[PDB]
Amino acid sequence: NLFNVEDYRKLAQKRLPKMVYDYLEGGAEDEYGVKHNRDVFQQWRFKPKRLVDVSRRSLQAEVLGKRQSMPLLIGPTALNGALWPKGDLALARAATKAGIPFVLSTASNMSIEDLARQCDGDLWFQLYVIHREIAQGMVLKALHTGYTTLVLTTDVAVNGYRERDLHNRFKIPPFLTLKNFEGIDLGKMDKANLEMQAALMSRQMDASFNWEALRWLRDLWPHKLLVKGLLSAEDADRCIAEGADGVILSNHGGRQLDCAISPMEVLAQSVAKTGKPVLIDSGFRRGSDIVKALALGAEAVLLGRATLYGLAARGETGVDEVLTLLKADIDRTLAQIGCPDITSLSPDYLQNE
């Protein structure tokens, strides 16, 4: 019985070692955040428009000016290989088959180059900055291998306090490795190559990355640039002012700050203030959750755990199935609310509860 995302979560929990399942499902501290991420969707209900011809529906939509099959993306998640062999590739291929982008994590198990060589879909690269020089290296690598979009994640200045991991003494799977940091020269002495080597032997990332640093990154990357991890219209607006082509409102799936607001709380305001693409993630599980965000102005929704449940439970085919169910779910929802064209969604279909 695999009829929705929750069904895949259940199957994933039965197939994954507890330690890995907890790494995946876990949230920060009391996990009031992940619960809030789900509960906030109940703050809106639908007011369908009847007697509208919905015999011909379209989920096609432009994301950052580029057309794709539906307003969805498989977001960046680390250590996918711990969930399923060659997890990064399975996700990328399923996204490509579905006609949507796949975002590779800086902490992926498959390197930037290897994926680009084995997948011709729309590949995006999510960047974490531990060392400036090293970050510049990955950015150029992504540029040279055909990655269309760069995503800077800004909500991991310090590691989230995930107590499930602490209880399990969670250690990065042995058979896995942070491939993108491979080959990064060693044996060299002096300032960097010592200053740098120190930074990469640390589990902490660059907590000094500020607005000025964003300008630096903006000049380095020539294509579309998005800033991920924002939770205020003000920050979203500043990002646009600094050169970003759009933003991704997100609280990292409730894994960083348990009491952070849900990005849904500032979605409408961010859309109204920035006037630029506002993407979003965190808590999306049902097609209705997605449609509510799109109706509030979201350009697209990125999936985190939803597609990972498919991956963990049934590999690549599992991801295909979750995307198929979600697409049919979105389609069914559009028909029921009387909005045949997904690009016609507006707050007029919602009722604040």
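All residue numbers are counted from 1 along the displayed sequence.
- In this entry, the higher average B-factor at the C-alpha atoms falls on 63-71, of the pair 63-71 and 307-315.
- As recorded in the PDB entry, 169-177 is the stretch of 169-177 and 93-101 with the greater mean C-alpha temperature factor.
- Out of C239, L225, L79, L200, the entry records its largest CA B-factor for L200.
- Of the candidates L152, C259, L267, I184, the one whose C-alpha carries the top B factor in the deposited record is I184.
- Placement of the Cα temperature factor of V271 within the chain: lowest third of the modelled residues, per the deposited record.
- When all modelled residues of the chain are sorted by CA temperature factor, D219 is found within the highest third.
- The deposited CA B-factor of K10 belongs to the middle third of values across its chain.
- Annotation for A107: CA B-factor lies in the middle third of the chain's modelled residues.
- For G87, the recorded CA temperature factor ranks within the middle third of the chain's modelled residues.
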